[PDB]
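Here is the structure we will look at, set down as structure tokens.
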Amino acid sequence: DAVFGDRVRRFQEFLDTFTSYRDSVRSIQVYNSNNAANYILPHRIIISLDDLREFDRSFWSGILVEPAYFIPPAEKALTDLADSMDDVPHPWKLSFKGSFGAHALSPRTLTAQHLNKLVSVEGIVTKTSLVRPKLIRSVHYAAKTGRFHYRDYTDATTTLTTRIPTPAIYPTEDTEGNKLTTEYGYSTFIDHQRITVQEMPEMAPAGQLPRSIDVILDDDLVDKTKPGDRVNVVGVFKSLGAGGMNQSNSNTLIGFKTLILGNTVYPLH
Amino acid sequence: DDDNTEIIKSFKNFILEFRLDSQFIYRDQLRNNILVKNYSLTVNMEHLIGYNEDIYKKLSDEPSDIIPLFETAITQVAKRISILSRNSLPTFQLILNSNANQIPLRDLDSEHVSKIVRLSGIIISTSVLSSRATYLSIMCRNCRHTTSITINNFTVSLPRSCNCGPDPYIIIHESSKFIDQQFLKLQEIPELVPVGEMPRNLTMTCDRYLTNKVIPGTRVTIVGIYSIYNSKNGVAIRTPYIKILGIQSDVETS
Amino acid sequence: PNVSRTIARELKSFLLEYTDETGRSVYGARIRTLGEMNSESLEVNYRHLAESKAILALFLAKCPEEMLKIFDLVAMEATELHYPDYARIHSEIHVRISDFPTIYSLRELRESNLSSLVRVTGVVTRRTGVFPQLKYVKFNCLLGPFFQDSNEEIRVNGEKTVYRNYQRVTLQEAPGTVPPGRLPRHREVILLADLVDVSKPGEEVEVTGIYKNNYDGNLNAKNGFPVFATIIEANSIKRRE
Amino acid sequence: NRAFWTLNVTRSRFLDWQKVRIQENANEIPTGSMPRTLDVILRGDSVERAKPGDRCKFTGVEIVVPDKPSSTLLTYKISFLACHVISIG
Amino acid sequence: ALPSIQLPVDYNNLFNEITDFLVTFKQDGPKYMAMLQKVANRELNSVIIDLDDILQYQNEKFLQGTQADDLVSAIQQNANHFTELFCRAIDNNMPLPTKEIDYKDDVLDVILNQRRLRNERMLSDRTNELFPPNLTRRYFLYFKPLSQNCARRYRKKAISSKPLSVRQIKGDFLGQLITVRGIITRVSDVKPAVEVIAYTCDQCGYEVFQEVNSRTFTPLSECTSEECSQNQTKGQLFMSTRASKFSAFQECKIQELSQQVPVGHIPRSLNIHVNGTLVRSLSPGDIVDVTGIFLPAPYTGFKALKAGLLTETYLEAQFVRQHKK
Ligand SMILES: [Zn+2]
């Protein structure tokens, strides 16, 4: 997959020429160490789409047309740049401001030409499903053989791209037969939530019923919005779940429920 | 499948050679449709049956095994019109609306199942859109076989062969092409024939470009195939629905 | 049995040249009626069948099941000689068989009625909508046609399969005729083909259907015993009367 | 076999039956009581002889029906049987 | 196949540092000798370990050398692991006799006493791999938060022990001791939990102890004993309730104080498990700072729905401080 490497080396260049983002990453790296010297900030760097067009249109059209192949190499590149920062004493997140849009759509107008493509929905958010942990990194301790043992759990919303599902439970006695106790509090949990979004009540065409679609909010984004708030979500538009085609059960046309991952959630008035 | 070649050759020869004196109605229907980015075609059956009786003889026989060979047949034509070489171009939906003989809702009982049925009723409510699939890639959980499955219409289980098993195939949603679907539900008109009983409502699935074509409460005349789905609720008792190709609202209605 | 085929050779004679009320064969006129109406229910009076011979009438109170299948094919033969056609129309006509006393009501029923045609009567209760049943199986190959069933289906393809409408209606016993201190027990009724939609809720209906069981079916949890379901597969439908 | 069971209902003779849930008479029970009903299934030709809202005398055959230990290489309750019925009471 | 990556924190010599923390002490003879022996004397069960003194010890072990690896951060960083590690050390330094212990006296102590008597006898006869250390306890280790008046040392950021909002709670606090506060909700009534539950065999006897791990366990039959095994043929074995070690268990949910709720949203309750002595300490309607390790207990299934794994967690109670005595 040398092309995924290409995406990383390409996104590298975008940063530090121009350097207008790098100062913000430095600011994030410094502020937390300042809290380390004291006596909270989410780690994500807002990327204005504004700037992306000046360098490459080829890579610009891609983030909109096929975000699954693009956002994650750009992301691995951002971590890679955050580690070359200063110094020692996490996946981060992209944001994507914009410079909308195409892809501008209210939730009423969407599906399927807009699927598997970046999207900025806007509408009312209800009913705001209750905040809950989600397991990601498995961490264990072997004794007396020692070392340090970890598994990595890949969920449905892991990264972006689809991957062979890891879940569930714990390995327990990975070879050889050594005992593995779960190490809690070293292991990583990203919070996770979903919130459905109804189209704006005032732009509703007729007595025809409202059509809402669900947005999963990863990491920091969680608990950022009470229900009934004007919201412009952004995110990649994802279709998850089999349509029933996987197994015999069940029998019916209905299928492929869709939702939006991430991403930003700019409130508005 | 030389027979499918034989059928599709007849459909191409029906689109390219059709003449209403003297413009080619279909062939231009096509161009004027790809330019606006409609990606659809509306066949007028009377012209069809005028052209060959034969292809309508088979199309009213086993519609759901044929109509998709007509779709691929027409999109293979838009390849030679809308573009030229020496992408991507979805396989167009065809909407066919024709007179025939109106078959009222009460009078649909078996016997015409999988035979095109024109009818008339007032739509109750329209169901919220949901996507089916058209072209989706699939990888194996183990041997990692990369399979591109072209799903057609008109449910379909995934293939189990490249332990391995029983069904080690994952849907890749990063490359999968999706369409839309509606589910109208229509109550037959109050004038006829309620008698003393509450009127029945057959469930209908619109799709692609007919979707959101009709505001609930407006009288319409649907065409479509008639067919049955399972939906556990025995024995066996499969329940009836009408696939729509294609819908035409009453005058005007805009 | 093959002997039963010879029975057909007799009943066909009953089907056409049988006369009553000074000439003018009645069943000939029924075949002529549908016939023109082509409603595919041929209708045979039990009174006359019993009048000609009690041996067949006894076969109706013993084993109606396979004998109707023997009988209606012959009815199709009679329609075939009278109208050299209907190879294109329905290719099956199942006979209606008017009143058959008995005249067991509802609540009086036993095991002795199994597999044997029995008349029932009472009010209809709200009926299910019309859901086409599988019946015959056919495909382009590709095993052959498989009839299933009434009602098991053990032990799916489809290409062109001949569907026949199914409808299940719950028949409850008439409120006027209930003996005091007793609840109005009721039985399941299975309509088929044209019998569909003939019924309406709120009405008393006279049915000739045979009685059936299968197949436990489903309890095995709260009974304590191997108890079958009670379902009357229906034959004819008439207003009261 | 093994194999299929297999179910054949034409060769199998059937009989009866109707369940009734028997409850103690109200004159004996010392309210506050909350009288305890129990199942009696009528098997036999005494089927249908029973009436709702009335006292009946039965033939005992108490048995038990499944509805505590396990059978290893069970949940039971009293279900009373009656093979005879009378309207006495 | 399941990669491994080293960490600067090592439990081996940290255990050593725990052992040096216990029974070798000055500042408060030492408190860990008397506090331990009073438990060994069986008038006392709960062992209240203050993190304050762990803080005091490092000063003597640093400046004031010789310098050592840190605990107070390393404890609350994990805090589950130390219950199975920091607390087992007590077994090595504990006074053996200790005084006037007898046998009965106590119920169920005679059982195990006769277990080890018959085991010692029969083993010493056979020779002419042992009962688990968790079965023999009869005491519970509880950490407490450092608020603290002496936390001003200062180790600054070292404190949680930050009397935080239920809203403030994150998925990044799992496996790390956290104080929380709110009103007690629903306060479910106490029921016995289980730990070992050594079932009894039949023919040749012995014993086997099945670990009670996570929420639930699967019961086993077969035979584990080699004697009953294969000849002839597999001995039958049943669980003995007298032999088992029971730890009180009481669960209760705690809604937020509602002043800690923003202009929006809704009060969010948090489920809290209680064990040992701390049981019944909690009462409904009472604002309390409850401190404890913050942990998941998966999944019992379901397991189809989530997917994943979607832990949903709970708070293990450790210490309890209620407002308004
Ligand atoms: Zn043994």
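So you can find residues: chains in the structure tokens are A, B, ... in the order shown, residues in each start at 1, and ligands are numbered from 1 in order.
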
Selection near residue 12 (chain B), 10 Å with only C-alpha atoms, sequence-local residues under 2 positions removed, as a PDB file with N, CA and C atoms, in the first residue's frame:
ATOM      1  N   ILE B   7     -31.160 -11.196 -26.264  1.00  0.00           N
ATOM      2  CA  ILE B   7     -32.206 -10.312 -25.779  1.00  0.00           C
ATOM      3  C   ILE B   7     -31.713  -8.866 -25.766  1.00  0.00           C
ATOM      4  N   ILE B   8     -30.504  -8.677 -25.256  1.00  0.00           N
ATOM      5  CA  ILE B   8     -29.933  -7.344 -25.162  1.00  0.00           C
ATOM      6  C   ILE B   8     -29.670  -6.760 -26.556  1.00  0.00           C
ATOM      7  N   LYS B   9     -29.226  -7.576 -27.509  1.00  0.00           N
ATOM      8  CA  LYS B   9     -29.095  -7.107 -28.890  1.00  0.00           C
ATOM      9  C   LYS B   9     -30.425  -6.568 -29.418  1.00  0.00           C
ATOM     10  N   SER B  10     -31.523  -7.205 -29.018  1.00  0.00           N
ATOM     11  CA  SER B  10     -32.851  -6.763 -29.433  1.00  0.00           C
ATOM     12  C   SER B  10     -33.246  -5.475 -28.733  1.00  0.00           C
ATOM     13  N   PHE B  14     -33.795  -1.952 -30.412  1.00  0.00           N
ATOM     14  CA  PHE B  14     -35.036  -1.263 -30.176  1.00  0.00           C
ATOM     15  C   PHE B  14     -34.809   0.188 -29.845  1.00  0.00           C
ATOM     16  N   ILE B  15     -33.695   0.513 -29.194  1.00  0.00           N
ATOM     17  CA  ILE B  15     -33.415   1.918 -28.856  1.00  0.00           C
ATOM     18  C   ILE B  15     -32.825   2.736 -29.998  1.00  0.00           C
ATOM     19  N   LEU B  16     -31.893   2.132 -30.714  1.00  0.00           N
ATOM     20  CA  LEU B  16     -31.215   2.844 -31.773  1.00  0.00           C
ATOM     21  C   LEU B  16     -32.071   2.977 -33.035  1.00  0.00           C
ATOM     22  N   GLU B  17     -32.910   1.994 -33.330  1.00  0.00           N
ATOM     23  CA  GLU B  17     -33.658   2.019 -34.585  1.00  0.00           C
ATOM     24  C   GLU B  17     -35.096   2.504 -34.516  1.00  0.00           C
ATOM     25  N   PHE B  18     -35.572   2.842 -33.333  1.00  0.00           N
ATOM     26  CA  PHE B  18     -36.971   3.189 -33.166  1.00  0.00           C
ATOM     27  C   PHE B  18     -37.343   4.525 -33.794  1.00  0.00           C
ATOM     28  N   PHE B  70     -32.666  -5.549 -19.517  1.00  0.00           N
ATOM     29  CA  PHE B  70     -33.039  -4.330 -20.247  1.00  0.00           C
ATOM     30  C   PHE B  70     -32.282  -3.121 -19.666  1.00  0.00           C
ATOM     31  N   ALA B  73     -28.914  -3.413 -20.814  1.00  0.00           N
ATOM     32  CA  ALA B  73     -29.002  -3.163 -22.251  1.00  0.00           C
ATOM     33  C   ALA B  73     -29.014  -1.683 -22.611  1.00  0.00           C
ATOM     34  N   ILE B  74     -29.689  -0.863 -21.815  1.00  0.00           N
ATOM     35  CA  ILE B  74     -29.751   0.555 -22.133  1.00  0.00           C
ATOM     36  C   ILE B  74     -28.507   1.303 -21.646  1.00  0.00           C
ATOM     37  N   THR B  75     -27.961   0.922 -20.497  1.00  0.00           N
ATOM     38  CA  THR B  75     -26.775   1.621 -20.026  1.00  0.00           C
ATOM     39  C   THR B  75     -25.575   1.314 -20.940  1.00  0.00           C
ATOM     40  N   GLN B  76     -25.550   0.117 -21.520  1.00  0.00           N
ATOM     41  CA  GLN B  76     -24.556  -0.190 -22.547  1.00  0.00           C
ATOM     42  C   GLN B  76     -24.722   0.692 -23.781  1.00  0.00           C
ATOM     43  N   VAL B  77     -25.905   1.276 -23.946  1.00  0.00           N
ATOM     44  CA  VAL B  77     -26.136   2.249 -25.006  1.00  0.00           C
ATOM     45  C   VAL B  77     -25.653   3.646 -24.613  1.00  0.00           C
TER      46      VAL B  77
END

Within 10 Å of ligand 1 (only C-alpha atoms and all ligand atoms), residues as JSON, numbers by chain: {"E": [200, 201, 202, 203, 204, 205, 206, 207, 208, 223, 224, 225, 226, 227, 228, 229, 234, 235, 236, 237]}

Residue hits in chain A, query chain B, radius 6 Å, only C-alpha atoms, as a count of residues only: 6

Residue list for chain C near chain D as a list in words, 7 Å, only C-alpha atoms: residues 110, 111, 181, 182, 221 and 224 of chain C

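By chain and then residue number, the residues within 9 Å of region 96-100 of chain B are residues 41, 42, 43, 44, 45, 46, 117, 118, 222, 223, 224, 245, 246, 247 and 248 of chain B, counting only C-alpha atoms and disregarding those fewer than 5 positions away in sequence.
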
Dump as a CSV table (one decimal) with C-alpha atoms, in the first residue's frame the residues of chain A that approach chain E to within 8 Å, counting only C-alpha atoms.
chain,number,residue,atom,x,y,z
A,36,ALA,CA,1.9,19.5,34.1
A,38,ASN,CA,0.6,23.8,37.3
A,39,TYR,CA,0.4,24.2,41.1
A,132,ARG,CA,-21.1,5.7,27.6
A,133,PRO,CA,-17.6,4.2,27.6
A,134,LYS,CA,-16.3,2.2,24.7
A,135,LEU,CA,-13.3,-0.2,24.9
A,147,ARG,CA,6.9,-8.2,29.9
A,148,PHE,CA,3.8,-6.3,29.0
A,149,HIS,CA,0.9,-7.7,26.9
A,150,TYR,CA,-1.7,-5.8,24.8
A,151,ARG,CA,-4.4,-6.6,22.3
A,155,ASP,CA,-15.0,-2.0,16.5
A,156,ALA,CA,-17.3,-1.0,13.7
A,167,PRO,CA,-14.2,-8.3,19.3
A,168,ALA,CA,-14.8,-9.5,21.8
A,169,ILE,CA,-13.8,-10.2,25.5
A,174,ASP,CA,-1.9,-15.9,25.0
A,183,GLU,CA,-4.7,-4.0,33.4
A,184,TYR,CA,-7.3,-1.3,33.9
A,185,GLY,CA,-6.3,2.4,33.6
A,186,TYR,CA,-3.3,1.7,31.4
A,188,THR,CA,-7.4,3.1,26.5
A,189,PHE,CA,-11.1,3.9,26.4
A,190,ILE,CA,-12.5,6.4,23.9
A,191,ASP,CA,-15.9,7.7,24.9
A,226,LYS,CA,-27.8,19.2,24.6
A,227,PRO,CA,-30.9,18.0,22.5

Test item: residues at most 9 Å from residue 211 (chain A), only C-alpha atoms, excluding those fewer than 3 positions along its chain, as a PyMOL selection string: (chain A and resi 107-108+197-199) or (chain B and resi 128-129)

Close residues, residue 221 (chain A) itself excluded, 9 Å, only C-alpha atoms, min 4 positions apart in chain, as an mmCIF file with N, CA and C atoms, in the first residue's frame:
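Now in out_34.cif:
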data_model
loop_
_atom_site.group_PDB
_atom_site.id
_atom_site.type_symbol
_atom_site.label_atom_id
_atom_site.label_comp_id
_atom_site.auth_asym_id
_atom_site.auth_seq_id
_atom_site.Cartn_x
_atom_site.Cartn_y
_atom_site.Cartn_z
ATOM 1 N N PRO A 42 -8.884 18.723 24.384
ATOM 2 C CA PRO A 42 -8.976 17.618 23.431
ATOM 3 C C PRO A 42 -7.847 17.675 22.432
ATOM 4 N N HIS A 192 -17.903 7.309 23.632
ATOM 5 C CA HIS A 192 -18.686 7.124 22.419
ATOM 6 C C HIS A 192 -20.185 7.361 22.659
ATOM 7 N N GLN A 193 -20.865 7.887 21.644
ATOM 8 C CA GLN A 193 -22.252 8.334 21.757
ATOM 9 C C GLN A 193 -22.875 8.433 20.371
ATOM 10 N N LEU A 217 -20.846 10.446 17.736
ATOM 11 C CA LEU A 217 -19.882 11.477 18.123
ATOM 12 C C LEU A 217 -18.705 10.910 18.903
ATOM 13 N N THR A 225 -23.266 18.817 23.033
ATOM 14 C CA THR A 225 -24.569 19.369 22.637
ATOM 15 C C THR A 225 -25.756 18.783 23.397
ATOM 16 N N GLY A 262 -17.862 10.851 13.519
ATOM 17 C CA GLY A 262 -17.232 12.114 13.858
ATOM 18 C C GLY A 262 -18.264 13.212 13.962
ATOM 19 N N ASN A 263 -17.877 14.421 13.582
ATOM 20 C CA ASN A 263 -16.486 14.777 13.359
ATOM 21 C C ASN A 263 -16.274 16.079 14.107
ATOM 22 N N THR A 264 -16.983 17.129 13.718
ATOM 23 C CA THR A 264 -16.737 18.422 14.325
ATOM 24 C C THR A 264 -17.803 18.944 15.256
ATOM 25 N N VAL A 265 -19.013 19.135 14.750
ATOM 26 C CA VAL A 265 -20.114 19.734 15.505
ATOM 27 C C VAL A 265 -19.918 21.213 15.884
#

Residues of region 59-157 of chain B in alpha helix (DSSP H), written as a ChimeraX atom specification: /B:59,63-81

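CA of residue 145 (chain E) is found 7.6 Å from CA of residue 319 (chain E).
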
Per-residue DSSP, region 57-250 of chain B, filtered to strand (DSSP E or B), as number ranges by chain: B: 93-94, 119-126, 130, 133-140, 147-150, 169-178, 181, 184-188, 201-205, 207, 219-222, 226-229, 239-243, 248-249

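Going from CA of residue 185 (chain C) to CA of residue 171 (chain C) covers 9.2 Å.
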
Region 23-33 of chain D surroundings by only C-alpha atoms, 9 Å radius, close-in-sequence under 5 positions cut, as a list in words: residues 38, 39, 54 and 55 of chain D

Atoms to include: C-alpha atoms. Write the selected residues as a tab-separated table (two decimals), in the first residue's frame.
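Result went into result_7.tsv, see below:
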chain	number	residue	atom	x	y	z
D	38	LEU	CA	-54.97	-25.98	40.71
D	39	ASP	CA	-55.02	-27.59	37.33
D	54	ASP	CA	-70.07	-25.01	39.88
D	55	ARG	CA	-68.68	-27.70	42.25

Any chance you could tabulate, as JSON lines, the residues of region 30-90 of chain C at most 12 Å from region 100-107 of chain C with each one's nearest atom pair and distance in Å to one decimal, using only C-alpha atoms, in chain and rising number order?
{"residue": "C:44", "atom": "CA", "partner": "C:100", "partner_atom": "CA", "distance": 11.1}
{"residue": "C:45", "atom": "CA", "partner": "C:100", "partner_atom": "CA", "distance": 8.9}
{"residue": "C:46", "atom": "CA", "partner": "C:100", "partner_atom": "CA", "distance": 6.2}
{"residue": "C:47", "atom": "CA", "partner": "C:100", "partner_atom": "CA", "distance": 8.1}
{"residue": "C:48", "atom": "CA", "partner": "C:100", "partner_atom": "CA", "distance": 11.2}
{"residue": "C:49", "atom": "CA", "partner": "C:100", "partner_atom": "CA", "distance": 10.7}
{"residue": "C:50", "atom": "CA", "partner": "C:100", "partner_atom": "CA", "distance": 9.9}
{"residue": "C:57", "atom": "CA", "partner": "C:100", "partner_atom": "CA", "distance": 9.2}
{"residue": "C:58", "atom": "CA", "partner": "C:100", "partner_atom": "CA", "distance": 11.2}
{"residue": "C:60", "atom": "CA", "partner": "C:100", "partner_atom": "CA", "distance": 9.0}
{"residue": "C:61", "atom": "CA", "partner": "C:102", "partner_atom": "CA", "distance": 9.0}
{"residue": "C:64", "atom": "CA", "partner": "C:100", "partner_atom": "CA", "distance": 12.0}

Would you export the selected residues with N, CA and C atoms as an mmCIF file, in the first residue's frame, please?
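again-v2.cif written:
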data_model
loop_
_atom_site.group_PDB
_atom_site.id
_atom_site.type_symbol
_atom_site.label_atom_id
_atom_site.label_comp_id
_atom_site.auth_asym_id
_atom_site.auth_seq_id
_atom_site.Cartn_x
_atom_site.Cartn_y
_atom_site.Cartn_z
ATOM 1 N N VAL C 44 -71.609 -29.654 -6.257
ATOM 2 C CA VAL C 44 -72.314 -30.938 -6.203
ATOM 3 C C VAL C 44 -73.133 -31.113 -4.922
ATOM 4 N N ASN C 45 -74.446 -31.265 -5.070
ATOM 5 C CA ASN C 45 -75.343 -31.496 -3.938
ATOM 6 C C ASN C 45 -75.130 -32.851 -3.282
ATOM 7 N N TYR C 46 -75.017 -32.856 -1.959
ATOM 8 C CA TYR C 46 -74.825 -34.098 -1.223
ATOM 9 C C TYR C 46 -76.101 -34.931 -1.229
ATOM 10 N N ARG C 47 -77.244 -34.252 -1.268
ATOM 11 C CA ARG C 47 -78.542 -34.920 -1.303
ATOM 12 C C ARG C 47 -78.637 -35.889 -2.471
ATOM 13 N N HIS C 48 -78.190 -35.440 -3.640
ATOM 14 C CA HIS C 48 -78.275 -36.239 -4.856
ATOM 15 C C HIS C 48 -77.246 -37.347 -4.868
ATOM 16 N N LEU C 49 -76.030 -37.023 -4.449
ATOM 17 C CA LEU C 49 -74.985 -38.023 -4.381
ATOM 18 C C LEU C 49 -75.415 -39.164 -3.458
ATOM 19 N N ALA C 50 -76.089 -38.814 -2.364
ATOM 20 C CA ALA C 50 -76.564 -39.797 -1.390
ATOM 21 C C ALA C 50 -77.799 -40.511 -1.900
ATOM 22 N N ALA C 57 -71.519 -41.563 -0.277
ATOM 23 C CA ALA C 57 -71.862 -40.712 0.852
ATOM 24 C C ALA C 57 -71.147 -41.207 2.100
ATOM 25 N N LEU C 58 -71.020 -42.524 2.217
ATOM 26 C CA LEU C 58 -70.270 -43.108 3.316
ATOM 27 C C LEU C 58 -68.784 -42.805 3.153
ATOM 28 N N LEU C 60 -67.699 -40.040 2.023
ATOM 29 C CA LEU C 60 -67.573 -38.646 2.438
ATOM 30 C C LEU C 60 -67.488 -38.496 3.960
ATOM 31 N N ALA C 61 -68.054 -39.450 4.690
ATOM 32 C CA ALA C 61 -67.999 -39.423 6.148
ATOM 33 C C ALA C 61 -66.835 -40.255 6.682
ATOM 34 N N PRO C 64 -62.804 -38.029 3.033
ATOM 35 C CA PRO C 64 -62.985 -37.025 1.973
ATOM 36 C C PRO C 64 -61.685 -36.603 1.296
#

For the interface of chain C with chain B (cut-off 6 Å, counting only C-alpha atoms), please tabulate each contacting residue of chain C alongside its nearest pair of atoms and their separation in Å to one decimal, rows sorted by chain and increasing number, as CSV.
residue,atom,partner,partner_atom,distance
C:131,CA,B:239,CA,5.1
C:133,CA,B:237,CA,5.4
C:163,CA,B:110,CA,5.8
C:164,CA,B:110,CA,6.0

May I have the selected residues written with N, CA, C and O atoms, as a PDB file, in the first residue's frame?
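Final output, selection39.pdb:
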ATOM      1  N   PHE C 131     -53.127 -13.538   1.954  1.00  0.00           N
ATOM      2  CA  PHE C 131     -51.715 -13.720   1.786  1.00  0.00           C
ATOM      3  C   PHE C 131     -51.452 -14.930   0.909  1.00  0.00           C
ATOM      4  O   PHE C 131     -51.675 -16.052   1.340  1.00  0.00           O
ATOM      5  N   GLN C 133     -50.462 -18.192  -0.595  1.00  0.00           N
ATOM      6  CA  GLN C 133     -49.818 -19.423  -0.160  1.00  0.00           C
ATOM      7  C   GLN C 133     -48.945 -20.009  -1.257  1.00  0.00           C
ATOM      8  O   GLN C 133     -49.206 -19.788  -2.431  1.00  0.00           O
ATOM      9  N   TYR C 163     -49.461 -19.793  -7.287  1.00  0.00           N
ATOM     10  CA  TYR C 163     -49.926 -19.347  -5.994  1.00  0.00           C
ATOM     11  C   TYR C 163     -51.437 -19.465  -5.915  1.00  0.00           C
ATOM     12  O   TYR C 163     -52.140 -19.413  -6.925  1.00  0.00           O
ATOM     13  N   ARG C 164     -51.921 -19.673  -4.704  1.00  0.00           N
ATOM     14  CA  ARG C 164     -53.341 -19.699  -4.457  1.00  0.00           C
ATOM     15  C   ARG C 164     -53.578 -18.971  -3.170  1.00  0.00           C
ATOM     16  O   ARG C 164     -52.873 -19.188  -2.201  1.00  0.00           O
TER      17      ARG C 164
END

Polymer residues at most 9 Å from region 83-85 of chain D, only C-alpha atoms, same-chain spacing of 4 or more positions, as a PyMOL selection string: chain D and resi 41-47+49-50+56-61

Please write the residues from the selection above to a file, keeping N, CA and C atoms, as a short mmCIF file (atom, residue, chain, number, x, y, z; two decimals), in the first residue's frame.
data_model
loop_
_atom_site.label_atom_id
_atom_site.label_comp_id
_atom_site.auth_asym_id
_atom_site.auth_seq_id
_atom_site.Cartn_x
_atom_site.Cartn_y
_atom_site.Cartn_z
N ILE D 41 -56.82 -31.66 34.51
CA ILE D 41 -57.15 -31.94 33.13
C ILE D 41 -58.11 -33.12 33.04
N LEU D 42 -59.18 -32.95 32.26
CA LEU D 42 -60.11 -34.04 32.04
C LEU D 42 -59.68 -34.80 30.80
N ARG D 43 -59.22 -36.02 31.03
CA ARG D 43 -59.04 -36.99 29.98
C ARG D 43 -60.14 -38.02 30.19
N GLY D 44 -60.60 -38.61 29.10
CA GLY D 44 -61.71 -39.54 29.16
C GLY D 44 -63.00 -38.98 28.61
N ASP D 45 -64.02 -39.83 28.58
CA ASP D 45 -65.32 -39.48 28.05
C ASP D 45 -66.09 -38.54 28.99
N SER D 46 -65.51 -38.25 30.15
CA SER D 46 -66.11 -37.31 31.07
C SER D 46 -65.82 -35.90 30.59
N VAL D 47 -65.09 -35.82 29.48
CA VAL D 47 -64.80 -34.57 28.81
C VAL D 47 -66.11 -33.81 28.57
N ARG D 49 -68.17 -32.65 30.54
CA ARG D 49 -69.19 -32.78 31.57
C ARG D 49 -69.12 -31.66 32.61
N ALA D 50 -68.00 -30.94 32.64
CA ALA D 50 -67.78 -29.90 33.64
C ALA D 50 -68.33 -28.53 33.24
N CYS D 56 -67.66 -29.76 41.50
CA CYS D 56 -67.58 -31.06 40.84
C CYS D 56 -66.68 -32.03 41.61
N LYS D 57 -67.01 -33.31 41.54
CA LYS D 57 -66.25 -34.35 42.21
C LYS D 57 -65.54 -35.19 41.15
N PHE D 58 -64.26 -35.45 41.35
CA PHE D 58 -63.42 -36.06 40.33
C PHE D 58 -62.76 -37.35 40.83
N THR D 59 -62.16 -38.12 39.92
CA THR D 59 -61.32 -39.28 40.27
C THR D 59 -59.86 -38.86 40.26
N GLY D 60 -59.14 -39.21 41.34
CA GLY D 60 -57.92 -38.52 41.71
C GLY D 60 -56.68 -38.53 40.84
N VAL D 61 -56.04 -39.69 40.68
CA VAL D 61 -54.90 -39.87 39.78
C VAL D 61 -54.01 -38.60 39.73
#
